[PDB]
Amino acid sequence: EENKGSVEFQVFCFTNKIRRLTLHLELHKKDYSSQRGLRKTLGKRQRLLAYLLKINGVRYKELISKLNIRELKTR
Amino acid sequence: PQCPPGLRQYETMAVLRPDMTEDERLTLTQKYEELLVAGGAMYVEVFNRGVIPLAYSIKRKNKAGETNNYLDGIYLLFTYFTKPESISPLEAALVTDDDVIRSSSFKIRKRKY
Amino acid sequence: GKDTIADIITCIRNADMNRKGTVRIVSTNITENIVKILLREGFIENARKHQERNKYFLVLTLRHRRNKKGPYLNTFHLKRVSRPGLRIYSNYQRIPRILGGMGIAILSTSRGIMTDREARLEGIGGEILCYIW
Amino acid sequence: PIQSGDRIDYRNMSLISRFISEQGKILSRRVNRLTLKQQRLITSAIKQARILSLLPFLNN
RNA sequence: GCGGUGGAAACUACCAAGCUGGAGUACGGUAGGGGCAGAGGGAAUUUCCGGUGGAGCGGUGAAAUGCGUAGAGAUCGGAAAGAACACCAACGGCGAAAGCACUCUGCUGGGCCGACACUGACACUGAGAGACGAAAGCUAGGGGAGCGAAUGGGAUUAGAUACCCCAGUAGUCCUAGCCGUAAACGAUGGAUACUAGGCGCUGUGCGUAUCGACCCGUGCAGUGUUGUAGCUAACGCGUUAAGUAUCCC
Ligand SMILES: [Mg+2]
Ligand SMILES: [Mg+2]
Ligand SMILES: [Mg+2]
Ligand SMILES: [Mg+2]
Ligand SMILES: [Mg+2]
Ligand SMILES: [Mg+2]
Ligand SMILES: [Mg+2]
Ligand SMILES: [Mg+2]
Ligand SMILES: [Mg+2]
Ligand SMILES: [Mg+2]
Ligand SMILES: [Mg+2]
Ligand SMILES: [Mg+2]
Ligand SMILES: [Mg+2]
Ligand SMILES: [Mg+2]
Ligand SMILES: [Mg+2]
Ligand SMILES: [Mg+2]
Ligand SMILES: [Mg+2]
Ligand SMILES: [Mg+2]
Ligand SMILES: [Mg+2]
Ligand SMILES: [Mg+2]
Ligand SMILES: [Mg+2]
Ligand SMILES: [Mg+2]
Ligand SMILES: [Mg+2]
Ligand SMILES: [Mg+2]
């Protein structure tokens, strides 16, 4: 289905699992074990994005405008 | 065969006071079957084994204020498929009743050894 | 595998110190050429290539134990020089020579890989890959 | 030699009472010669049964 | 050494396209005291209310303080409260570390394994910076059985501001925060590659054994004990290196 390994699909799966995790992190604030994972996965997504910005400028801008991902920290 | 579509499998044991009749027992039966089915249970399968002496004496206070000391007990066994969301009230709803002296519920996992 | 050259070298050094004649190494233009050269200098018995799952392996036969394994007068040394951290180059008049010439120095130059001998004949300098005793 | 061919639970009392001491203590894995997985499952079972008063903590 | 010009193109760098074995994604499995939250459980202890009973209990190297005829302890029957979870438990399990174990349910973090299903170097490390971080401690509100700094009595002693005994407040517990230190120890930063074995365990996978439990041999992933090469000032370390090399702090 599409490419399940494609950059943009992966970044999506990540952004989505993160915004999902957000609710759990809001309800139970004392769970640090889970937050540590969040920070890890966010790291992954951020990496892929940096990579994709290097490789293709167009696909990148399209993607972060599409998935409502916050603009990059290289500015 | 049993096949849940987006549900969790469950077993529940309930222990009731020995002083009960079969009509009061079936009324409880009916009641809890209805709570389950009202909670989205597809397949309520109930089974009964009543009146066994307990390992140990248990005490239950009533709403009438009675201290009831038991020896025997009524074991009700429930296989049912409910959403993980809806198992929440059931357990307390079992605790709250004066007729239910000891309740416990288990999730069932497939055995692979 | 930050450095590939160093790694080949190491697999040799290790298999050597443990008295085994046979080594598996992973091939590459560099690897292959270096091993060729190693053969024409004569530090190693025989080379050959293998392939599986799109992987290439040069197996190296190695010079037999010295008149037993316990009593070894000689080992076969190897040393990385230009390495990712610091790359060493040399002109024609600084070209290294090893133990008065008993050992050999490998150079990558404009004309390809060679020993110091070749570099002196042709008058070329370049990047010094490693030394061999 | 000895083995579990039947699903072990808290309601197979025959089973669990094999692996229980006279005093109702749980016997160790080294004694019962069970795989670690088994032993754990037994243990939790015994505790659950103990709560449901199917088997006693202490004796009479 | 700097500057101009003419050549070479291996290696670093650049530019264009490719490739999976590195790193990930999906898919399917499976073990687990991972974490947060919510239910439920029983011993034991302490106090209180009774019945019995009627001189000592309790404690120490030996004593005494103490508790007791206003009925102690002992024993049976009641309630009530808090805290900790016997056996399992193991030279076992998960966790980044701190740590995590009566039971259960729910929300969720990782791990590992087998398949090409996919992307195609997306890697490793990390100055600054951020999060977590035993116990003691602190602010605010609760809670207060046991234990117990401080404190007091009793001893012991030349003395005893100690060790022992009798009491006993903070604190230990919960909620919301601060503090950021420990022999926070493997006294061993991280990643990758590569180099005998023997005996063990945990997870899975394969073939065999039966056609389901073993069983065997094996493939991985981690974990434990001896030990060869090699290393080391010795002790020792030894595929989980303190070995042979590369990179960053
Ligand atoms: Mg120069
Ligand atoms: Mg010049
Ligand atoms: Mg070229
Ligand atoms: Mg490229
Ligand atoms: Mg009780
Ligand atoms: Mg008394
Ligand atoms: Mg571990
Ligand atoms: Mg999980
Ligand atoms: Mg492609
Ligand atoms: Mg720092
Ligand atoms: Mg903090
Ligand atoms: Mg504290
Ligand atoms: Mg103070
Ligand atoms: Mg005390
Ligand atoms: Mg004093
Ligand atoms: Mg006290
Ligand atoms: Mg706090
Ligand atoms: Mg320090
Ligand atoms: Mg230190
Ligand atoms: Mg066996
Ligand atoms: Mg291993
Ligand atoms: Mg050791
Ligand atoms: Mg050793
Ligand atoms: Mg050292």
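Chains o, f, h and r are the protein sequences, given in the same order. Counting in the entry's author numbering, the first sequence tops out at residue 90, every number present. Counting in the entry's author numbering, the second sequence tops out at residue 211, every number present. Counting in the entry's author numbering, the third sequence tops out at residue 134, every number present. Counting in the entry's author numbering, the fourth sequence tops out at residue 80, every number present. For every residue, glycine included, the Cβ atom is placed at its ideal position computed from N, Cα and C.
Can you name, in chain order, every residue of its own chain whose Cβ lies under 7 Å from the Cβ of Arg-20 (chain h), other than the five neighbours on each side? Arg-66 and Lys-70
Look at the alpha carbon of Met-140 (chain f) and the alpha carbon of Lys-69 (chain o), and state the distance between them as a whole number of angstroms. 52 Å
Answer yes or no: do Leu-175 (chain f) and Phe-204 (chain f) have a C-beta to C-beta separation smaller than 8 Å? no
Does the beta carbon of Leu-188 (chain f) sit closer than 8 Å to a beta carbon anywhere in chain r? no
Using the Cα positions of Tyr-178 (chain f) and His-39 (chain o), report the straight-line distance between them to the nearest angstrom. 28 Å
Chain-ordered chain f contacts of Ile-71 (chain r) [CB-CB under 9 Å]: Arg-200 and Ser-202
What residues from the region 144-156 of chain f come within 7 Å of chain r, judged by C-beta to C-beta, listed N to C? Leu-152, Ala-153, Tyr-154 and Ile-156
Mind pulling the alpha helix (DSSP H) runs of 4 or more residues that sit fully within the region 115-188 of chain f? 120-136
What three-state label does DSSP hand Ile-105 (chain h) in the structure shown? strand
How close, in whole Å, do the beta carbons of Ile-107 (chain h) and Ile-35 (chain h) come, if the pair is a contact with beta carbons under 8 Å? 7 Å
Quick one: Cα of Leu-75 (chain r) to Cα of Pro-99 (chain f), how far? 31 Å
Count the other CB atoms within 10 Å of the CB of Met-103 (chain h); is the residue buried (16 or more) or exposed (fewer)? exposed
Does any C-beta atom of chain r lie closer than 8 Å to the C-beta of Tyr-108 (chain f)? no
Looking at the unbroken alpha helix (DSSP H) that takes in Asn-15 (chain h), where does it start and where does it end? 5-18
Any residues in the region 113-131 of chain f with a beta carbon nearer than 9 Å to a beta carbon of chain r? Which ones, in chain order? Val-113
Scan the region 23-35 of chain r for residues whose Cβ lies nearer than 7 Å to a Cβ of chain f and list them as they occur along the chain. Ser-24 and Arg-27
Expressed to the nearest angstrom, what Euclidean distance is found between the alpha-carbon atoms of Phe-77 (chain r) and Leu-152 (chain f)? 12 Å
Coarse secondary structure for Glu-119 (chain h), derived from DSSP in three states: helix
For a cutoff of 8 Å on Cβ pairs, would you count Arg-209 (chain f) as touching chain r? yes
Close Cβ partners of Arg-84 (chain h) (< 8 Å) along its chain, the five nearest in sequence each way excluded: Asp-4 and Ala-7
Using only CA atoms, which one of h:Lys-50, h:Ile-105 and h:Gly-43 lies nearest to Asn-30 (chain h)? h:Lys-50
Own chain, CB closer than 8 Å to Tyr-30 (chain r), minus 5 neighbours either side, in chain order: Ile-36, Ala-65, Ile-66, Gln-68, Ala-69, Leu-72 and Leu-74
Rounded to whole angstroms, how far is the Cβ of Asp-117 (chain h) from the Cβ of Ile-105 (chain h), which I believe are closer than 8 Å? 7 Å
Can you list, in chain order, the residues of its chain with a C-beta nearer than 6 Å to that of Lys-208 (chain f)? Leave out the 5 residues immediately preceding and following it. none
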